[PDB]
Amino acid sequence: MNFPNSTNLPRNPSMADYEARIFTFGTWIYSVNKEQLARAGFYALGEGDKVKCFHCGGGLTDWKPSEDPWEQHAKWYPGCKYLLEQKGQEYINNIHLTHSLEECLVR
């Protein structure tokens, strides 16, 4: 099924280490930075710039220069327990507020 892992157990424990995740990108000259994706929980799927969070399983693609790994992780997979552990709710809410503001302003 599509649905995102909101348990405290990672969906892909084989990608639980940074170094495991880093290797998946290989050479990588997409708009957004591979080290920063890896720190944000992501590993490469091996097609385009598709990445998945090792924990929540959540997938993201089509990275723009202005799109931040942690920020996009929170936008789209807010139930992620890796996210919650690494950044912690005060960060997490401010970024939700930031997003939900933009969506309720120019849009």
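One rule holds for the numbers: they count along the sequence shown, beginning at 1. Under this definition, the rigid core comprises the largest set of C-alpha atoms superposing within 1.5 Å between the forms.
Rigid core superposed, root mean square over structures and residues, which stretch has C-alphas farther from this form in 6 other deposited structures of this protein, 50-58 or 27-35?
Result of the core-fitted comparison in 6 other deposited structures of this protein: 27-35 deviates more.
Overlaying the structures in 6 other deposited structures of this protein on the rigid core, point out which of 89-97 and 12-20 has the bigger RMS C-alpha shift.
Checking 89-97 against 12-20 in 6 other deposited structures of this protein, I find the farther stretch is 89-97.
So 26-34 or 77-85, which one's hotter by mean CA B-factor in the entry?
Mean B over CA atoms: larger for 26-34.
For the chain shown, is the CA B-factor of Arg39 in the lowest, middle or highest third of its modelled residues?
Its C-alpha B-factor belongs to the middle third of this chain's values.
Among the modelled residues of its chain, does the C-alpha B-factor of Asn2 lie in the lowest, middle or highest third?
Its C-alpha B-factor, which the entry lists for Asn2, ranks in the highest third among residues of this chain.
Test of reading the entry: by CA B factor among the chain's modelled residues, which third contains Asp49?
Answer is middle: the recorded C-alpha B-factor places it there.
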